[PDB]
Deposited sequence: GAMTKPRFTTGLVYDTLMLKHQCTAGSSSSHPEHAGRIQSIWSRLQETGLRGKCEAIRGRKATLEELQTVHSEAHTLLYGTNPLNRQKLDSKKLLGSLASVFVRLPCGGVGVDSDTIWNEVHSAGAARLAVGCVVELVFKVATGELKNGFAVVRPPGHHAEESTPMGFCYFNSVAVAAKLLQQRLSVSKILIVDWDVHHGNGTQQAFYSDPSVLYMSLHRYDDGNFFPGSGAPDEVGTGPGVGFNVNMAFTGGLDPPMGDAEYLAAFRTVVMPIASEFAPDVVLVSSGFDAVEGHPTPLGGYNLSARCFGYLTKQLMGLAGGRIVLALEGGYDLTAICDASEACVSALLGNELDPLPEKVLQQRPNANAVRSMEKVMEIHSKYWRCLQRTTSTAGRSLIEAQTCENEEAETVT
C-alpha cells in the first residue's frame, strides 16, 4: 500500500518501557500503527557505515566481540543497536525514495546526529541519517537532498559529513547561546566550505531562556528561514533528524524550550510540501515519555494526512520574542549573500503568523 512507512525493531531495546517502546505503544493504542505499513529492519553493513565513518571506527563499534545495564556490556549492546538503527533508517529511506511508500517515520535508537567520522559522542555511535543520504547519493544518484534537524542540539556530525557538498542542504534549528550549549558547534556563520558554501544553514537561537523559545518562535523561523531557502533549493527527498527535546517538559540543560508536541505536526506538514512529499523522519533526542509520544503521534498523524488539531489562537497571534527575532535576522543577513529569497526584502520576523498572513 502506498502510504506512511514505519520502522521499528525490538533488538534495539536495552533490556534483552523506554523511549522507543513507549512511542511504538502510543502509535498502536491511537490506531495510527494500523494505518501505516510497518517494514522489517536490518543491521547496516560495514561498507554502508563507512560512507560516513572510518574503517577503524566502524570495525571497533560495528563488530561483535563474541545483559546487566549497569555494566560495560550495556554500551557494547547500544553500539550494536546503533548498527541496527542505521539499517532500519536506510531501509525506510529507500522504500520512500523508490516510491514503494509515500513517506515515513523511523522509531530508532540510539540517536545519530552527534556521531563524527571517527568519534562517537552524545550517545551517538553511527550517524544513521547521514549514512542514508550518502547511500541515496551513491546508489540512486539523487541530485538534491534536504536534511532538516530540529533536535534542540546542533547536529555536528551531519554538518561535518556534508560541509563541502552543495548537493545536500543541511538546515539545523538549535539552541546555541553563543557557543555555550552542547555540543558547542553550529554558529550562524558556519555556512559551508569550498563548493558547498551557502548550503549549510544554522538557525541558531541565542539569548538564553529569557524567555524560552516556543511555538511562535519556531513557526516564525520556518516562515522566514527554513521554507524560503528549502523551497528555492527544491530538494528531491527530505530527511529529518526529528529530536523532540525542544518540547516543554525537558529541563534547562537537557532542553529548556517550551514547544508543544502539536507544533511538530505543523512543521512536518510544511515539510511535506517539498520533494513531492518524499519525506522520512528519524527519531533523535527527547526523553520525556509523554512529550516524545505526543510529538511522535502528531508527526505520524501529519504524514498520514489526518486533520491536525488547530494550534491555540494565542500561538497564532503571538509575536516572536526579541531574542528569537534577533537570532532569525542575524541568520537571514548572513544567508542573503547566497539565496535570492533573502535578497529581495526587509525583515518581517517580528510579526505573528496571523499578521504575516494578513499582510500578504
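- Several segments of the deposited sequence are absent from the coordinates, namely 1 to 6, 23 to 34, 85 to 111, 406 to 413.
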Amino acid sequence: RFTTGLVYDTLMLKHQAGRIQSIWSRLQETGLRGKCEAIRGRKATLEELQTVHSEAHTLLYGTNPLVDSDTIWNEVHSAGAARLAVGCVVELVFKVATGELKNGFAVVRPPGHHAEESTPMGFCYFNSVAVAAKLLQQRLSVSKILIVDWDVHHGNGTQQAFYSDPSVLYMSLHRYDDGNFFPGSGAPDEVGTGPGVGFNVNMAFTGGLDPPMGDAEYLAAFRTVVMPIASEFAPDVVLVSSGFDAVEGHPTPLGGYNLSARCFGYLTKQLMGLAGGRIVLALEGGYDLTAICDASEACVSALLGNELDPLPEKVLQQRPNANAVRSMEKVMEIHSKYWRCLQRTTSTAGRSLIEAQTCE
From here on, numbers count along this sequence of modelled residues.
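- In this entry, 188 to 196 has the higher mean Cα B-factor, the comparison being between 188 to 196 and 96 to 104.
- Taking the PDB entry as given, 158 to 166 carries the higher mean Cα B factor of the two stretches 158 to 166 and 108 to 116.
- Annotation for residue 139: CA B-factor lies in the highest third of the chain's modelled residues.
- Among the modelled residues of its chain, residue 209 has a C-alpha B-factor that falls in the middle third according to the deposited record.
- Sorting the modelled residues of the chain by their CA temperature factor places residue 69 in the highest third.
- Per the deposited record, the Cα B-factor of residue 39 falls in the highest third when ranked against the other modelled residues of its chain.
- Among the modelled residues of the chain, residue 58 sits in the middle third by CA temperature factor in this PDB entry.
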